[PDB]
Structure formats: C-alpha cells, structure tokens
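I have placed the structure first, in the form of structure tokens, so that the comments after it can refer back to it.
Every residue, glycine as well, gets a Cβ built from its backbone with ideal geometry; the counts of neighbours run over all protein chains shown. What is reported rests on the model, the rules as stated and the sources as named; no laboratory instrument gave them.
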Ligand SMILES: Cc1cc2nc3c(=O)[nH]c(=O)nc-3n(C[C@H](O)[C@H](O)[C@H](O)COP(=O)(O)OP(=O)(O)OC[C@H]3O[C@@H](n4cnc5c(N)ncnc54)[C@H](O)[C@@H]3O)c2cc1C
C-alpha cells in the first residue's frame with residue numbers, strides 16, 4: 001500500500017476528494033490521464049485574446065454552496081456573470097427581444113411555453129433526485145423519450161422546438177435519445193429549469209475572476225503538486241478485499257481505498273478484476289456523454305450590452321444554440337459565448353470549421369448588429385471527440401437505464417468509491433456536483449479508515 005487513497009482523475013471532483021482526504025490527515029495520491037489538471041474544467045490564462053479563457057465549465061450558481069466555499073477558501077475571488085439588458089430569442093428565424101427576461105404575452109406561442117415549462121417542473125417534482133428510479137411511476141417514465149413526451153404534451157411546434165433546444169444545450173443530447181425519467185430527474189436535481197435556465201441568476205450566476213480550472217490547480221498547489229501524477233492513464237483495476245491495485249500499462253500503484261472520479265462512460269474504459277456487478281456494469285456501459293461545442297467570440301467592445309442587450313440568446317433553428325456574455329471586468333476585450341449540443345452539434349460538426357464560424361458570426365450579426373461580423377478572436381472547442389471527456393457537457397441516459405441501475409451511480413464496490421459530478425445527489429452534471437460528489441466520497445473513506 002503506497003498510499004491510503006489513490007484518486008483517479010483530476011477534475012474538481014477528484015481534487016475536492018483529494019483536499020478532503022488530505023486535510024483529514026490521510027495519505028492521498030491523484031492519478032491523471034493526460035497532461036493538464038482541470039477536468040471538463042479547462043483554463044488558459046495565456047489565452048490568445050484579452051483575458052484568461054475557459055474551454056470548459058465556468059459558471060457558478062447562486063446556490064452552488066460547496067463550490068463557492070471550496071474555491072473561496074482557496075483564495076479565488078468571484079464576479080457577477082449576468083448582464084443588463086434584454087435577452088434575445090430567435091424562434092423560427094424571427095428575432096424576439098425579451099425585456100425583464102419576459103416575452104410579449106401576446107405572442108401566440110408564449111402561453112403554452114409558460115404552461116409546458118410549469119408542466120415539466122411538476123413532472124420533475126413527481127420524481128425526486130434521491131430515488132428517481134423508485135418514484136411513483138419511474139418504470140413507465142423511463143420507457144418514454146423526452147421527445148415522445150413533448151409530442152404527447154405540446155401542440156405548438158415552436159414550443160416543442162424551444163423545448164428541444166433547451167434539452168440539447170443543457171444536456172449534450174437531443175430529446176429523441178434521452179429518457180423522459182432521466183430528464184425529469186435532471187430538472188429536479190438542479191432545482192427546476194427556471195434555475196437551470198437562468199441567465200442572470202440560477203445556475204448561471206457568477207464566475208471565478210481568474211479561470212475555473214483554478215479550483216483544481218490551487219488544490220494541487222496546496223495539497224502538494226507532486227501528489228498528482230499526470231499522464232498516468234489507469235487501464236486496469238484489481239480490486240479485492242484488502243485494497244486496490246491500479247495499472248497504467250506496466251506501471252502500477254496500490255492503496256487501501258481508491259475513488260474513481262470521472263464520468264460513467266470514461267470509467268467503462270478501465271478493466272476490472274473481478275468484474276463489476278452487472279448493476280454498475282450496465283450503468284457505466286449504457287450512460288453516454290452528450291455531444292457539444294463551446295464557441296467564443298471576442299470583440300474590442302461589448303456592443304451588445306452597450307446597445308441594450310444582455311447578450312443572452314436562445315435560438316431554435318438558425319444554429320441551435322444558447323448564448324451568454326462572458327465579459328469579466330478584468331478582461332481587456334468583450335466576449336460573447338455560445339453552446340451547441342446534441343443534434344445541433346451533429347448538424348454543425350457535419351460542416352467545415354470555417355462554415356461553422358460564419359454561421360455563428362452570422363447569427364451574432366443578425367442578433368446584435370454588424371459589429372459582430374468581424375471579431376478580434378474566435379475559438380471553438382469540440383468536446384464530443386475529446387480524448388478523455390469523450391463527450392458533451394454532461395452524461396445523459398436513454399430509456400431503460402436510470403430506472404434499473406441508477407442506484408449504481410452512487411453505491412461503492414468493495415474499496416472502490418465513486419465520485420465525479422454524476423455521483424452527487426444534487427447538481428450531478430454541474431461543477432457543484434463534482435465537488436460535493438468528491439467530498440461525499442472522501443467523508444465515506446475517512447470513516448472507513450477509523451474502522
Ligand atoms: C463546454 C462545457 C461547459 C460547461 N459549463 C459548466 C458551467 O457553466 N457550470 C457548471 O457547473 N458545469 C459546467 N460544465 C460541467 C462541468 O464541467 C462538470 O460537471 C465537471 O467538471 C465534472 O467534473 P468531474 O471531476 O466529475 O469530471 P471531469 O472534469 O470529466 O474529470 C475527470 C478526470 O478524469 C481523468 N480521467 C479519465 N479517464 C481516466 C483514466 N482512465 N485514468 C486516469 N484519469 C482519467 C480526466 O482526464 C479528467 O481530468 C460544463 C461542461 C462542458 C463540457
């Protein structure tokens with residue numbers, strides 16, 4: 001036993017678990033697959049534009065309690081995300097301004113849009129976040145797809161669409177490939193879509209003035225930058241009754257307990273001896289990652305805020321993207337950012353890189369003026385082909401798995417413990433989740449150490 005606990009994966013989740021066990025006084029060792037310490041939390045302060053840049057997650061939610069504390073104690077300083085102005089909606093190619101986040105009640109689609117939204121939150125509430133697979137009608141629910149449900153519950157094609165877009169960007173998938181039960185679950189465990197869809201508050205409420213990968217770096221620096229072995233891809237795990245043996249090719253390590261902090265899909269790439277119980281086996285073998293693009297355009301001035309727009313945008317057909325401002329007071333030049341996922345990623349990944357960029361800039365132009373036509377910096381980062389993330393923004397599920405293996409999302413197997421945002425009780429999918437998941441995992445192993 002080289003160390004007490006070896007944490008596989010250096011995401012905010014693995015890092016949170018590391019700092020947790022370390023502060024508790026246990027010997028810790030974090031093993032990373034590639035050469036950078038963040039996870040789906042990727043930062044570059046050397047960033048070609050005027051300010052550090054995040055290629056991964058970066059928004060902090062107002063109820064993101066654990067993340068705020070962790071990073072704040074680490075010395076990081078937050079900053080407001082939201083921007084003053086009208087949010088924009090492009091429904092069926094038409095540009096609609098929403099003052100006070102509110103859309104003209106007279107528009108024909110708004111009413112059913114407001115109703116279907118509530119209807120969703122209700123469904124989400126009927127199945128919690130604790131025992132979704134056990135809720136009053138899980139089985140039934142995990143049989144339909146968010147697609148067929150929208151079909152069975154919404155008349156308007158636009159309401160149907162802007163619902164679809166929401167799913168696609170919020171998850172990395174399209175409603176036609178996502179369990180209805182799994183979505184109600186997600187909406188529920190992230191405190192409703194109103195919270196999930198906020199642009200000023202809710203989940204999108206603030207940033208780490210400095211970059212999001214910092215929580216993991218600062219933890220690394222504190223706990224001991226040498227306790228992180230980068231480029232140590234784990235490919236096999238002998239997990240028996242006295243401890244666990246990790247293998248990175250011919251290389252190997254051993255600890256009493258290990259916490260595997262990553263997405264279920266990413267973990268399925270690792271061989272287990274003995275085999276994992278069919279329950280978890282199925283879960284990490286049938287829980288895919290979304291498909292996603294993170295696009296960013298940088299300009300000299302925030303011509304959108306300065307023209308009365310928040311920079312927030314929801315487009316159902318031109319491109320199929322959610323748009324948000326990313327201009328922190330510190331940055332030298334303004335930055336607008338969009339997210340293309342699911343079937344939208346699909347359609348666009350089909351074109352050339354430049355074809356995509358213009359499609360994006362064209363959208364920006366028709367939404368905030370001609371000043372968007374010629375940006376100072378433009379970058380896109382495809383995540384569906386990322387070596388280790390292997391996917392979109394979060395994990396998602398097709399009909400038939402959450403209801404029958406969801407439990408495996410959390411339960412340990414011998415000395416192997418599961419961390420990673422997807423293991424959190426709440427906010428599984430967001431950073432908050434990664435932190436909690438990893439702290440929960442640690443708390444568990446710490447108690448296992450005192451016998
Ligand atoms: C474009 C994008 C934008 C996002 N925006 C937000 C946002 O605004 N707010 C928010 O809250 N969340 C956001 N997220 C989600 C957030 O990034 C995740 O919830 C969080 O980073 C998950 O953390 P994790 O530590 O569980 O996993 P990861 O960050 O995926 O880290 C797992 C680690 O495991 C390593 N690993 C994988 N396989 C192996 C192996 N075999 N051996 C060793 N190491 C391995 C990986 O290299 C990686 O570093 C976003 C995600 C994306 C993709």
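For region 1-28, a tally of residues being within 9 Å of the ligand (Cβ to nearest atom), assigned to a loop (DSSP other than H, G, I, E, B) and in contact with a strand residue (DSSP E or B) (Cβ under 8 Å, 6 or more places away or on another chain) returns 2.
Of the candidates 246, 276, 230, the single residue that is within 28 Å of residue 52 (Cα to Cα) and either within 11 Å of the ligand (Cβ to nearest atom) or not assigned by CATH to the domain that holds residue 384 (or both) is 230.
Test residue 266 against the criterion of being surrounded by 20 or more Cβ atoms within 10 Å (Cβ to Cβ), touching a residue at least 24 places away in the same chain (Cβ under 8 Å) and part of a loop (DSSP other than H, G, I, E, B), and give yes or no.
Here the answer is no, as residue 266 does not meet what is asked.
Please determine, by comparing only the residues of region 41-51 that are under 10 Å from residue 212 (Cα atoms) and surrounded by 20 or more Cβ atoms within 10 Å (Cβ to Cβ), which one is nearest to the ligand (Cβ to nearest atom).
Selected residue: 41.
The numbered conditions (1) within 27 Å of residue 289 (Cβ to Cβ); (2) in contact (Cβ under 8 Å) with a residue 24 or more places away in the chain; (3) more than 12 Å from the ligand (Cβ to nearest atom) are all true for residue 31 except (3).
A count restricted to region 207-227 and to residues that are near the ligand (Cβ under 10 Å from one of its atoms) and part of a strand (DSSP E or B) stands at 1. Taking region 335-355 as the range and being assigned to a helix (DSSP H, G or I) and in contact (Cβ under 8 Å) with a residue 40 or more places away in the chain as the test, the residues that pass are 342, 343, 344, 345, 346, 348, 349. Taking the criterion of being in contact (Cβ under 8 Å) with a residue 12 or more places away in the chain, away from the ligand (no atom under 16 Å from the Cβ) and in a loop (DSSP other than H, G, I, E, B), would at least one residue in region 171-187 satisfy it? Within region 171-187 (the criterion being in contact (Cβ under 8 Å) with a residue 12 or more places away in the chain, away from the ligand (no atom under 16 Å from the Cβ) and in a loop (DSSP other than H, G, I, E, B)), the answer is yes, since at least one residue qualifies.
Of the numbered criteria (1) in the same structural domain as residue 270 (by CATH); (2) in contact with a helix residue (DSSP H, G or I) (Cβ under 7 Å, 6 or more places away or on another chain), the one residue 34 fails is (2). Kindly provide the set of residues from region 119-133 that are over 17 Å from residue 427 (Cβ atoms) and surrounded by 13 or more Cβ atoms within 10 Å (Cβ to Cβ), ordered by number. Within region 119-133, 119, 120, 123, 126, 133 qualify.
Residue 422 falls short on exactly one of the conditions (1) surrounded by fewer than 18 Cβ atoms within 10 Å (Cβ to Cβ); (2) within 12 Å of the ligand (Cβ to nearest atom), and that condition is (1). Return a yes/no flag: does region 46-63 have any residue that is over 27 Å from residue 200 (Cβ atoms) and in contact (Cβ under 8 Å) with a residue 12 or more places away in the chain. Yes - at least one qualifying residue is present in region 46-63.
Residue-wise test of (1) away from the ligand (no atom under 16 Å from the Cβ); (2) in the same structural domain as residue 44 (by CATH); (3) in a loop (DSSP other than H, G, I, E, B); (4) touching a strand residue (DSSP E or B) at 6+ places or on another chain (Cβ under 8 Å).
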site	(1), (2), (3), (4)
357	yes, yes, no, yes
364	yes, yes, no, yes
367	yes, yes, no, yes
385	no, yes, yes, no
388	no, yes, yes, no
411	yes, no, yes, yes
426	no, no, yes, no
438	no, no, no, yes
441	no, no, no, yes
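For region 233-243, the tally of residues that are within 13 Å of the ligand (Cβ to nearest atom) and either within 30 Å of residue 61 (Cβ to Cβ) or touching a residue at least 40 places away in the same chain (Cβ under 8 Å) (or both) stands at 3.
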